[PDB]
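Participant: My questions all concern the structure below.
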Ligand SMILES: Nc1ncnc2c1ncn2[C@@H]1O[C@H](COP(=O)(O)OP(=O)(O)O)[C@@H](O)[C@H]1O
Ligand SMILES: Nc1ncnc2c1ncn2[C@@H]1O[C@H](COP(=O)(O)OP(=O)(O)O)[C@@H](O)[C@H]1O
Ligand SMILES: [Mg+2]
């Protein structure tokens, strides 16, 4: 629905541009009506009395020139305006799009809609709106002006306009349908090749390359079955309009000839009317020449349409009186399945945590273990349940204030294109360099900022930038410690062959003045040993919500995990 | 570029269908244009006598022209689609046959998105080219030429006085194009950069939603982008509108009317000989714009065909070079290296003269700073790229002198990229041996610590896999380890990073590996060098060539770089 909206507050400029385009159209129309007497004079016995009509046509021409020049200027202005407005609107409405919408391709869609639509819009205004609308409106006003001169031939054009427009649109629709059928069939064909090329290593290694190759080739040679519908439904897309136009021309010329042979309008008038008929038929071809541009713009703006018409998550309504100095994160009877790629992951879990007490989450991989740290941060919405941070729901919060309760250490770190100092200063922009120094010292990363050229300020965003794995994970840890919020969620990042990252995690766990409630999903015994209330989550449900000293010597699956970790860190490939 | 250039001219086998289609499209366009000449003839008749019979004749002629035009257009479309389908089928077969022969290294050099892009995108672009661009461009170039010839045949003076707007348009557009040199490449660079900005902003969405003050950078970049676009476009707007004014049919109409009125009033025009200009004279401005449009349009298909051909004319494997007649070192699994030097580019060489020999039943390891040719060597061992100098033999028999079947019959490897071929999970474990009797598969899956999970699968040993299979990284790695166990090839390659890939499911993968490497010539790419302490031969290498090899205890009792890597945290 909402695809390209002008500011929509200053109606004056819009209505003025509209009436100006209409004036340019009516001038271009009165052009041919002035052609009529000129051509009528150019054939009679006295062709010397056409200079008056030539002067009048020149007047109409210069009027049209001024009008459409002003129209083009206004068009370019409105194009800049709409580009600015809609780009700001698109980039403004993507902290609110529900997170499970960013699928594998919905992300590429938004990327294209963001970084490919500048020139498309600045041309969309003028090059699309003004020619398309003017050329459509022109035949109608031509007919209306042709009614006084010859009534029986004026109404013919008014009958013609709808038929020709319908023919044009039907041809466009046929073309589009044939094209989508074509490339869909092409994808159906050349998907097996992509599949055989993706798994080309395992096949080659298992000595199964020639049978798979022969099978795919046999399938290719077998299906065939093209043409008929494809060719049949691809043909009409141009013949329809070509026929329709030539037929309308034939009919109009025949009508004029019949009316000048029965003695209702002398020979000179018929010629002028024949000329005016070609003038009337030209704008339809002018429009038909705008099919591919219109289709390209339609796709480009469908990108923005899909972006803006995406689902949005809202909490609002205002809460958070004081700040809940040390909250208590409980959430009972909660289920959250991923809309898109469904499956009831994390169905019906319940646990009341405590304020200022580390609560380590440990479980098998891919068991809905980061979804819990998302739902606790309020980054997701539970389908049937309620997160109860400090005895109040989290969906009853003004979004600006519900992000000031948590601070996450996300698994895959992300450093935007800037400098290390600016990344670390993204948490609290209004901080002092002493707090920053304390954090950059507590995150075991001072050696990293002093192990690089030119100091702290360093282009870090992307392209390696000398940052590798744990090196940027420690920057993320330093950033998540700056934002003063009474919750610290630390989802462990894989940092093998690097002990500094683990030491920094232990430091963030033990030495911290803030005294905040923390939740640390981790696996390594060192990280897991500094908690006092461990949860064992197996397939979307807590299993062993006890504590270390009592989970070891009493129950199961955790002596299992414990011995597996203790004897998996001494596995050396023996020469056997 | 030019003709007979066999790096962009792969579309040579259809040059004759293409020229016949060009001729047919020219005929179609002339048939489209003819109705105006018929109208002029009708007017010439009507202006003097021309009883009803003579006008009916012109009507019949117009009907005939319409019919033959429609028929020719239909024939052209059918013929183009037929030849395009045939050529596309041939191209698909050729591309697949080629893809079945490129060296494995190429695949883990391009990736996955590039493969799909190339195949489907370029096939579709070339098909669209052949079916639309060529005939449309032929029409767009043949229509103005014909109109111009017909105009000069009728009256050579009105065409001359009509050239004016074309001349001023060329003047202004030349001025603009020479007056916009910097800004176009600057905007291209801006677009290429803003693409990365958008990618990063979309990637780091949770970080934006938690730390809301980290969005500032992207918003400032976008503001600078739109400001640059405005400051670029806004200035050259008056020039653009003044140059777009001399295309309007109103201008050509005024010119034609003025010159015709001047010539007729002086009785030197024969006014009936002015109608051709009135009919097919105003759109002459748009005709040249269409020329430029189509001739520019036939560019994406051309560059796509060029890229596809430079992919097709690749360099496949030198394989089967005059068998080496296996030597007398030892031919069980004794793999021996030599003066091996190899580089990805023809310039910088990554590997230099390693020459290390493994024994049958030995476990060798590679240790270097990450990014020092540590994996490239083992990768070469499995024939991912040919060496530039020196030999590599498996049993004293040069690998290049080995059929792709016989080679991997004895050089099975387990790298990263599990690479599950979607099918029957049981058959996916038994990919190596075609038909295992349903018990070997089960015992291998039980001895690879995956049996319990594959039974926990919805159905069992029949489940077709896929993106939504549910298997985790560790689970897929254990399936591939089971497949390699069933393979039973007495030379192995371990990328140790496969172990600590899924940090939770790691003990099970360690057990699977300890079962997989019970009797081999394992070559371990060791990342965490504590796991290699009982290995028979350690080999440290940095920036290419080897520096020193030996056993752990000795190499530690002889200080260089290894006591260094050892004291680092591990002591
Ligand atoms: N964006 C997504 N769309 C669909 N399924 C998802 C998505 N993200 C995660 N999942 C699935 O949800 C489950 C929970 O995964 P998660 O808790 O993130 O695992 P981990 O413990 O490795 O962090 C898994 O089956 C995972 O594949
Ligand atoms: N696909 C590639 N294209 C070009 N150069 C590459 C490619 N992959 C690796 N290299 C380069 O080859 C060299 C060897 O790297 P590699 O053997 O992967 O290191 P390591 O084993 O220490 O991880 C490095 O300089 C690396 O940047
Ligand atoms: Mg996780």
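Chains as they are written, first to last, in PDB author numbering: chain B, 4 to 579; chain A, 276 to 846.
Every residue gets a Cβ at the ideal spot worked out from N, C-alpha and C, and that includes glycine.
1) Does the beta carbon of residue 662 of chain A fall short of 7 Å from some heavy atom of ligand 2?
2) Between residue 310 of chain A and residue 81 of chain B, is the Cβ-Cβ spacing less than 8 Å?
3) Are residue 365 of chain B and residue 525 of chain B touching if we call contact CB-CB under 8 Å?
4) Going by beta carbon distance, what residues of the same chain come within less than 8 Å of residue 509 of chain B, once the five residues before and after it are set aside?
5) Going by CA-CA distance only, name the one from B:435, B:378, B:385, B:159 that's closest to residue 410 of chain B.
6) Across which residues does DSSP place residue 119 of chain B in a beta bridge pair?
7) What do you reckon, is the C-beta of residue 348 of chain B under 7 Å from a heavy atom of ligand 1?
8) Out of A:724, A:401, A:599, A:380, which has the shortest C-alpha to C-alpha gap to residue 753 of chain A?
9) Ignore the nearest five residues each way along the sequence and tell me which others in residue 306 of chain A's own chain have a CB closer than 8 Å to its CB.
10) Determine, using beta carbons only, whether residue 689 of chain A and residue 576 of chain B come nearer to each other than 8 Å.
11) Is any heavy atom of ligand 4 found at a distance shorter than 7 Å from the C-beta of residue 341 of chain B?
12) Three-state secondary structure (DSSP) at residue 627 of chain A?
13) If we cut at 8 Å on Cβ distances, does residue 41 of chain B have a partner in chain A?
14) For a minimum of 3 consecutive residues, which ranges assigned as the beta strand (DSSP E) are wholly contained in the stretch 322–363 of chain B?
15) Please name the residue in A:794, A:640, A:691 whose C-alpha comes closest to that of residue 250 of chain A.
16) Kindly list the residues whose CB is nearer than 7 Å to the CB of residue 632 of chain A, restricted to its own chain and excluding five residues on each side of it in sequence; keep chain order.
17) Nearest chain B C-beta to residue 290 of chain A closer than 8 Å, yes or no?
18) Taking the Cβ atom as the reference point for each residue, do residue 498 of chain B and residue 412 of chain B lie within a distance shorter than 8 Å?
19) Counting pairs of beta carbons, one from the stretch 390–399 of chain B and one from the stretch 313–321 of chain B, are three or more of them closer than 8 Å?
20) Taking all protein chains shown into account, decide if residue 384 of chain B is buried (16 or more other Cβ within 10 angstroms of its Cβ) or exposed.
21) Can you list every residue whose CB sits closer than 5 Å to some heavy atom of ligand 3, going in chain order?
22) For residue 838 of chain A and residue 830 of chain A, I'd like the C-alpha separation in whole angstroms.
23) Could you tell me if residue 563 of chain B is buried or exposed, where buried requires 16 or more neighbouring beta carbons within 10 angstroms of its beta carbon?
24) For residue 123 of chain B, I'd like the list of residues in its chain whose CB is within less than 7 Å of its CB, leaving aside the five on either flank, ordered along the chain.
25) Identify the continuous beta strand (DSSP E) that holds residue 667 of chain A and give its terminal residues.
26) Quick check: residue 817 of chain A and residue 624 of chain A, are their CB atoms within less than 8 Å of each other?
27) List in chain order the residues whose CB is within less than 6 Å of at least one heavy atom of ligand 2.
28) So residue 704 of chain A contacts chain B; which residues on that side make the cut at Cβ distance below 9 Å?
29) If I'm right that residue 55 of chain B touches residue 532 of chain A with Cβ under 8 Å, what's the distance once you round it to whole angstroms?
30) Could you tell me which chain B residues have their CB closer than 8 Å to the CB of residue 546 of chain A, listed as they occur along the chain?
31) What is the rounded straight-line gap between the Cα of residue 409 of chain A and the Cα of residue 343 of chain B?
32) So, with DSSP's three-state summary, where would you put residue 292 of chain B?
33) Note down, in chain order, each residue of its chain lying with its Cβ closer than 7 Å to the Cβ of residue 420 of chain A, except the 5 sequence neighbours on either side.
34) Does any residue of chain A have a CB that is nearer than 8 Å to the CB of residue 187 of chain B?
35) From what residue to what residue does the alpha helix (DSSP H) around residue 472 of chain A run?
36) Starting from the Cα of residue 244 of chain B, find the closest Cα among B:170, B:138, B:308, B:421 and give me that residue.
Facilitator: Considering the structure as presented:
1) Position 387 of the second chain, counted from the start, is the residue given in the question as residue 662 of chain A. Not under cutoff, so the answer is no.
2) In the second chain, counting from the first residue as 1, residue 310 of chain A sits at position 35. In the first chain, counting from the first residue as 1, residue 81 of chain B sits at position 78. No.
3) As a first step, residue 365 of chain B must be located in the first chain, where it is residue number 362. As a first step, residue 525 of chain B must be located in the first chain, where it is residue number 522. Yes.
4) Translated into the one-based positions of the first chain, residue 509 of chain B becomes position 506. Around residue 509 of chain B: 529, 530, 533.
5) Walking along the first chain from the start, residue 410 of chain B turns up at place 407. Considering only alpha carbons, the answer is B:378.
6) Counting from one through the first chain, the residue named residue 119 of chain B turns up at place 116. For residue 119 of chain B, which the question treats as bridged, DSSP gives no partner whatsoever.
7) One-based indexing of the first chain puts residue 348 of chain B at position 345. Indeed, a heavy atom of ligand 1 lies less than 7 Å from the Cβ.
8) Numbered from its first residue, the second chain carries residue 753 of chain A at position 478. Of the candidates A:724, A:401, A:599, A:380, the one whose C-alpha sits nearest the C-alpha of residue 753 of chain A is A:724.
9) Within the second chain, the letter at position 31 stands for residue 306 of chain A. Cβ within range, chain order: 340, 343, 344, 347.
10) Within the second chain, numbered from 1, the residue matching residue 689 of chain A stands at position 414. Within the first chain, numbered from 1, the residue matching residue 576 of chain B stands at position 573. Cβ distance not < 8 Å, so residue 689 of chain A and residue 576 of chain B don't count as in contact.
11) Of the ligands one can find in the structure shown, namely ligand 1, ligand 2 and ligand 3, none is ligand 4.
12) By 1-based counting over the second chain, the position of residue 627 of chain A is 352. Residue 627 of chain A: strand per DSSP, three-state reduction.
13) Translated into positions along the first chain, residue 41 of chain B becomes position 38. Interface residue, yes.
14) Complete beta strand (DSSP E) runs here, min 3: 332–338, 350–355.
15) With chain A represented from 276 up to 846, any question about residue 250 of chain A goes unanswered, as that position is not in the structure.
16) Position 357 of the second chain, counted from the first residue, corresponds to residue 632 of chain A. Hits under 7 Å: 611, 612.
17) Position 15 of the second chain, counted from the start, is the residue given in the question as residue 290 of chain A. No - not a single Cβ of chain B is within 8 Å of the one on residue 290 of chain A.
18) Walking along the first chain from the start, residue 498 of chain B turns up at place 495. Walking along the first chain from the start, residue 412 of chain B turns up at place 409. It is not a contact, given that the beta carbons lie outside the stated cut-off.
19) yes
20) By one-based count along the first chain, residue 384 of chain B stands at place 381. Burial call: buried.
21) B:373, B:414
22) Counted from its first residue, the second chain places residue 838 of chain A at position 563. Counted from its first residue, the second chain places residue 830 of chain A at position 555. So the two alpha carbons sit approximately 8 Å from each other.
23) Here residue 563 of chain B is taken as the residue at index 560 of the first chain, counted from 1. Counting Cβ neighbours within 10 Å, residue 563 of chain B comes out exposed, since fewer than 16 surround it.
24) The residue you call residue 123 of chain B lines up with position 120 of the first chain. Answer for residue 123 of chain B: 300, 303, listed in chain order.
25) For the purposes of this step, residue 667 of chain A is taken as residue 392 along the second chain, with counting starting at 1. Where residue 667 of chain A is concerned, there is no enclosing beta strand (DSSP E), given that its DSSP letter is neither H nor E.
26) Translated into positions along the second chain, residue 817 of chain A becomes position 542. Translated into positions along the second chain, residue 624 of chain A becomes position 349. For residue 817 of chain A and residue 624 of chain A, no; Cβs fall outside 8 Å.
27) Result (chain order): A:384, A:619, A:625, A:643, A:645, A:646, A:647, A:648, A:649, A:650, A:651.
28) If you number the second chain from 1, residue 704 of chain A lands on position 429. In chain order: nothing, as chain B lies at least about 11 Å away.
29) Start at 1 with the first residue of the first chain, and residue 55 of chain B comes out as number 52. Start at 1 with the first residue of the second chain, and residue 532 of chain A comes out as number 257. Between residue 532 of chain A and residue 55 of chain B the Cβ distance is about 13 Å, and since that is not below 8 Å, they are no contact.
30) To locate residue 546 of chain A, count along the second chain from 1; it is residue 271. By Cβ distance, chain B contributes 45, 46, 50.
31) Numbered from 1 along the second chain, position 134 holds the residue referred to as residue 409 of chain A. Numbered from 1 along the first chain, position 340 holds the residue referred to as residue 343 of chain B. Approximately 42 Å, taken between the alpha carbons.
32) Stepping through the first chain from its first residue, residue 292 of chain B is reached at position 289. The answer is coil: DSSP assigns residue 292 of chain B none of H, G, I, E or B.
33) Translated into positions along the second chain, residue 420 of chain A becomes position 145. Non-local beta-carbon contacts of residue 420 of chain A in its own chain, meaning distances under 7 Å to residues more than five positions away in sequence, are absent.
34) Numbered from 1 along the first chain, position 184 holds the residue referred to as residue 187 of chain B. No, residue 187 of chain B lies away from the interface with chain A (no Cβ there is under 8 Å from its Cβ).
35) As a working mapping, residue 472 of chain A is identified with position 197 in the second chain. 456–478 is the extent of the alpha helix (DSSP H) around residue 472 of chain A.
36) On the first chain, position 241 is the one that residue 244 of chain B refers to. That would be B:170, whose Cα lies nearest to the Cα of residue 244 of chain B.
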